[PDB]
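Asker: Sequence, then structure. It's an experimental one.
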Amino acid sequence: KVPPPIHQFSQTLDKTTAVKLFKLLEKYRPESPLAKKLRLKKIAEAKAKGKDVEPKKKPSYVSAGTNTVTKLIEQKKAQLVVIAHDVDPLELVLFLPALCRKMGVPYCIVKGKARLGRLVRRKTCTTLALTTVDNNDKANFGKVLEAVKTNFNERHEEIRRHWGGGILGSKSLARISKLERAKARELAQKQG
Amino acid sequence: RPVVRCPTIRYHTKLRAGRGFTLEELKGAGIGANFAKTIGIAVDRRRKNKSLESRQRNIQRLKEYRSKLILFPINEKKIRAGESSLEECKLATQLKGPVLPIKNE
Amino acid sequence: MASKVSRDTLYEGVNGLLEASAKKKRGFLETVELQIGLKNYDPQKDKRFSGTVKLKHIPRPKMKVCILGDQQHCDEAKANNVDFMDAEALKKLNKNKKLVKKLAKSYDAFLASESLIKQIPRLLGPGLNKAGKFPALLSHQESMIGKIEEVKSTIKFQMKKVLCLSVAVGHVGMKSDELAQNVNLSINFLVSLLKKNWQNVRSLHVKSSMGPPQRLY
Amino acid sequence: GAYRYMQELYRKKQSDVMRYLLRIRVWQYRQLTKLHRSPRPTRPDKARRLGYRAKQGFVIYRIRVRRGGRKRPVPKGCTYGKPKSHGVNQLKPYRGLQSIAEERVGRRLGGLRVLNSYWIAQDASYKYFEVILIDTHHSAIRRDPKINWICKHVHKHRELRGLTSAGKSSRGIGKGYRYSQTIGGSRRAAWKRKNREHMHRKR
Amino acid sequence: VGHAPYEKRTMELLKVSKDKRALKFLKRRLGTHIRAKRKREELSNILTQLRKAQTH
RNA sequence: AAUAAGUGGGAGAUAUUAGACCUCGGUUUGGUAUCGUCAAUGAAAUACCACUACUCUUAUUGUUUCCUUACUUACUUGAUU
RNA sequence: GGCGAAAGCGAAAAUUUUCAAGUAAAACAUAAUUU
RNA sequence: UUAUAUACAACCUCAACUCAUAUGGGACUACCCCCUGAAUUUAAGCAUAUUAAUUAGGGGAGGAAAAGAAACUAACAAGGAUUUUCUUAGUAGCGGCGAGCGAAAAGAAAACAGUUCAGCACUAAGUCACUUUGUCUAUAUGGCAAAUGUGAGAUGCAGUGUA
């Protein structure tokens, strides 16, 4: 019996909609490093003589790092939070979904703690909370956030109330089911 | 070394030689903390001196100094030092005398 | 098994007194009957639940008092329309009846003269402990200033030996903005007569003469 | 910041959350030996709060000690001399386990210093701490001068000489008058200081 | 995190169940008579937030 | 009126009815009413209306040196390459 | 593997990823093998 | 992708290497540091006291070591980091109230040097280290860029900010 803040992991939103969640994230990788380098070396030669302040357009992507994220949740600038579940220990991510009902912001959980770190060029990442509200991905934004509502955020009001968990398993359960299968074979002739 | 007035009823008289220097006195006396530190004050940031005349007691003792303090220039344009540079120690003092009096009781 | 017009368990704050004026579901007059669920307030000792609260609005208690006067009760009492008698109704208050549709114990609270005290347990005493309307000496009985306050809603409550309470204080047919200053001053006038009070009771009970008991915090 | 939350949840031990996250974690933590290296500090944030960053490479070593008293090594019927000196089966050691659990790194590991420590869990047959070692001559650590302090020669092996967390606290160190000896330097270098007679040049 | 079970075991005790010994059950527990009085009333702060918000 | 838990408020409530008004019940007015506040007179003035709670009673999530029984993954005990 | 404040242990260390010697060998931990 | 039926890609715990590249047990000990803690002796005997928080005690350092920037004092007309000396003082209490033990702020003297970590907001990892190729030289486990070649690094690096 793991206490019913778990299972907040790992009932995790079947992967047919989850692959669409990553398709927003394909546009919101933080920075390619040469593209980071080609952006900052243009400061060195062009905008050192250009004296322009407009054409940067700091592109909004999804933020990483746990110590980044829990500012962005509490300052109410975040839009969607993805936290991993294959995680250590729990204390970086245990209390974190509980914030989201009290802070109203829709969140979600994902399978696979490496896949958030596959694209961000780090190793393992565990904390990706989204801020982007742009019109190019505003169309597919609304339908996926309605899906995580009842699965994660409206589920969040009854998830602690219903979990015993920790089934016995499994060969002993066969012997557990053996006697009731035995005694039902006997119960057919008692009242008969 | 500014401090006065040794603790208990054994002493309502004497005054030990100055380990405190009362940060909260200093803003009421024209300083200027870290500038006074490389002057040399023994500026120490932990004493919270409780009495107004003991606040005043070092205040005059501050202004006893800082005037005979001869202000050697840093950029040697000497526009902002700003007491003097013509009172340079070869011209004026070069004393290096020890005793540093504590008003002698 | 509680009622809607008389709440029992649900404890409101300061804004939950506005609907208590709706207890007038009748059309006739109903006298509100206070009661308290008391703890460790034993009546057989000197703790006698007997006094007077001074409700600054008039809830019109139907007050008739025989004013026993010996040159001190009715001299300044013409400002409050006293009966102006010479303390001679005591000779007919017991052992006989006055007239048709009248009893011999026909009041709620009684006043006595200061020099007419030893008669009060002897000739009228044994006929009034059977009524329980016995006037005491601590129930605002001096009749120097106790005349203008007589129509200004004076009550007298006698403590029962079965641990109950039902005495007339006023009514509920008027506005609850009157009752905002009625209960919040009468119970503040109840802290001073009760003893050792910091937190010894959990709630108040308030009941009308034809209604179920409501409960306030 | 998440860390001030996750310390605030670290304290609330006697839960069903932390205890039955200790309960899985504790007898996970025993089929491994008395020593094995790990990559990652189980508490991160109390591997933080301890003078700690995470460059290459601030290693973490699990360690157990045997959770008990200490019995005095004399064979089978105890000490000679005096009845001030009989009693064994309840005698108690002095240095706490949180400074024994860094000697039992510093000599088995011949290569590294010792920085701080923090407990994790406790059950009846071990208490069992972590050790935040520091590398000494990774050619990074010379040019990392906010933690340059520990690789002067006089700070190495700070498990014996008692200047870790607990080994500081073990010898009775502070000021003032709950500590008034020990004051003469270390601890009982008091009790060679004050008995030191000064037969003057000129009395 | 739920409750630390002495607070919960006394949460039953501060319902009606003999507050005085329940208070001394904390000073037996924690226990210093300066520290226990804060941990006494902390339970009632939970209990005064869950007298009518405790419905559903 | 007994048999008023008791004891005090109360010095008539409530119900009914048509009328008044409302879309209407109803409240009110007056008539009537098992009793009664009143009288019947004593230990409580019984109508009207009670906080309380037990003789206890049906039911609920009770901590229990609780007892007894299964469970097994913690742990203890071996076996085999 | 273990325990001891450490030195070291009046010790059938039989538990210690592979704690295999390996073997002319084959993909796809070379095969049953070696405590 | 796990009827225990295949790949690939990560991750996670985790190996093996006559790999690369480098750090450590040891000697001494007077002084110093954390350790373990005995005894004749004194009480006219002895058992708690004492020898003593002591000789072996051994594991650790150095030209310093530990302490040190108070979770202190004192209670006053206040003081103010740590260490040693004079005195506090053979006084306060601990004591088979036996023998005997035993400090201390406060007073004056040398010297004087104050400040980084953790953690809100600090607000584009802006970080750090190898590698190779050159700059620059030098008996440097070296200074400048670069390929942005790795990897470390968000499970958080940096700057500003601390009883």
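Answerer: Structure received. Numbers count the residues shown, from 1 in each chain, chains lettered A, B, ... in the order given.

Asker: Run through the bridge partners of residue 62.
Answerer: Reading this off chain A. In this structure, residue A:62 has beta-bridge partners residue A:130, where bridges are defined by DSSP bridges.

Asker: Chain D is the one I meant
Answerer: Taking DSSP bridges as the rule, residue D:62 bridges to residue D:130.

Asker: Quick check: closest non-adjacent residue to the most centrally placed residue in chain E.
Answerer: If you average the C-alpha coordinates of chain E and look for the closest C-alpha using Cα atoms, centre = their mean, you land on residue E:43, 3.6 Å from that point. Beyond its immediate neighbours in the sequence, the residue positioned closest to residue E:43 (Cβ to Cβ, 6 or more residues apart in numbering or on different chains) is residue E:14, lying 5.2 Å away. The C-beta positions use only the backbone N, C-alpha and C, and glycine is treated the same way.

Asker: Repeat that for residue C:211.
Answerer: For residue C:211, the nearest residue in space outside its immediate sequence neighbours is residue C:23; the separation is 5.3 Å by Cβ to Cβ, 6+ apart.

Asker: That neighbour against residue C:213, yeah?
Answerer: No: here residue C:23 does not reach residue C:213: they are 10.3 Å apart, not a contact under Cβ atoms under 8 Å.

Asker: quick one: common contacting residues for the two?
Answerer: Taking Cβ atoms under 8 Å, 6 or more residues apart in numbering or on different chains as the contact definition, residue C:23 and residue C:213 share the neighbouring residues residue C:6.

Asker: Those two - which one has more neighbours?
Answerer: Between residue C:23 and residue C:213, counted using other Cβ atoms under 10 Å in any protein chain shown, the more crowded position is residue C:23 (24 against 17).

Asker: Kindly provide the distance from that one to residue D:190.
Answerer: The gap separating residue C:23 from residue D:190 is 81 Å, by Cβ to Cβ, to the nearest Å.

Asker: With residue B:6 instead?
Answerer: For residue B:6, the distance to residue D:190 - Cβ to Cβ - is 28 Å.

Asker: Of those two, which one has the most company?
Answerer: More crowded of residue B:6 and residue D:190, by other Cβ under 10 Å: residue D:190, with 16 against 12.

Asker: tell me which element residue D:128 falls in.
Answerer: Element membership of residue D:128 [criterion: DSSP states H and E] is strand D:126-132.

Asker: So what does the closest residue to residue A:82 other than its chain neighbours look like in phi/psi?
Answerer: Nearest residue to residue A:82 in three dimensions, chain neighbours excluded: residue A:128, at 4.5 Å (Cβ to Cβ, 6+ apart). Per-residue torsions, residue A:128: phi -130, psi 110 (degrees, to the nearest 10).

Asker: Assess the claim that residue A:128 and residue A:66 are in contact.
Answerer: No: with contact defined as Cβ under 8 Å, residue A:128 does not count as touching residue A:66 (10.4 Å).

Asker: which of those two has more neighbours?
Answerer: A count of neighbours by other Cβ under 10 Å puts residue A:128 above the other of residue A:128 and residue A:66, at 25 against 20.

Asker: Pretty sure residue D:112 sits against residue D:132.
Answerer: No: the pair formed by residue D:112 and residue D:132 falls short of the contact definition of Cβ under 8 Å, at 10.3 Å.

Asker: Give me the common contacts of the two.
Answerer: Common neighbours of residue D:112 and residue D:132 (criterion: Cβ under 8 Å, 6+ apart): residue D:59.

Asker: Nearest the geometric middle of chain C, what residue?
Answerer: Residue closest to chain C centre, computed by Cα atoms, centre = their mean, is residue C:155 at 2.8 Å.

Asker: can you tell me how far residue C:5 sits from residue A:69?
Answerer: With Cβ to Cβ as the criterion, residue C:5 and residue A:69 are 54 Å apart.

Asker: what do you get for residue B:61?
Answerer: Computed as Cβ to Cβ, the residue B:61 to residue A:69 distance reads 55 Å.

Asker: wait, what's in contact with the residue nearest to residue A:82?
Answerer: Residue A:128 neighbours (Cβ under 8 Å, 6+ apart): A:25, A:62-64, A:81-83, A:116, A:120.

Asker: is RNA strand H contacted by the longest helix along chain B?
Answerer: Among all segments of chain B classified by DSSP state H, the helix with the greatest residue count is helix B:52-64. Yes: looking at helix B:52-64 against RNA strand H by Cβ under 7 Å from any atom of the strand, the contacts come from residue B:54.

Asker: other SSEs contacting that helix?
Answerer: With contacts defined as 3 or more Cβ pairs under 8 Å, 6 or more residues apart in numbering or on different chains; DSSP states H and E, the secondary structure elements packing on helix B:52-64 are helix B:23-26.

Asker: Between residue C:5 and residue A:69, point out the one with more neighbours.
Answerer: A direct count of neighbours by other Cβ under 10 Å for residue C:5 and residue A:69 places residue A:69 higher, at 25 against 15.

Asker: Share the number of residues neighbouring the residue in chain E that chain A sits nearest to, please.
Answerer: Taking Cβ to the nearest Cβ, chain A has its nearest neighbour within chain E at residue E:2, 6.7 Å off. Residue E:2 is surrounded by 17 other residues when neighbours are defined as other Cβ under 10 Å.

Asker: Next: the one 3 residues further on.
Answerer: Taking other Cβ under 10 Å as the criterion, the count of residues near residue E:5 is 13.

Asker: same thing with the one 5 residues further on?
Answerer: Neighbour count for residue E:10, taken as other Cβ under 10 Å: 21.

Asker: Which secondary structure state does it sit in?
Answerer: The local conformation at residue E:10, judged by DSSP: H, G, I helix; E, B strand; the rest coil, is helix.

Asker: so who does the residue nearest to residue E:43 touch?
Answerer: Contacts for residue E:14 were tallied using Cβ under 8 Å, 6+ apart; they are E:22, E:43-44, E:47.

Asker: What about the closest residue to residue D:63 other than its chain neighbours, how many residues nearby?
Answerer: Nearest residue to residue D:63, sequence neighbours excluded (Cβ to Cβ, 6+ apart): residue D:101, at 4.8 Å. Around residue D:101 there are 25 other residues, counting by other Cβ under 10 Å.

Asker: How about the one 10 residues further on?
Answerer: Burial measure for residue D:111: 9 neighbouring residues, criterion other Cβ under 10 Å.

Asker: ok, the residue in chain B that RNA strand G sits nearest to to chain D distance?
Answerer: Each residue of chain B has a distance to RNA strand G, by Cβ to the nearest atom of the strand, and the smallest belongs to residue B:46, at 38.9 Å. Relative to chain D, residue B:46 is positioned 15 Å away (criterion: Cβ to the nearest Cβ, to the nearest Å).

Asker: same question, residue C:19
Answerer: Using Cβ to the nearest Cβ, one obtains 43 Å as the distance from residue C:19 to chain D.

Asker: Dihedrals phi and psi, that residue?
Answerer: Comment: the main-chain dihedrals of residue C:19 come out as phi -100, psi 0, following degrees, to the nearest 10.
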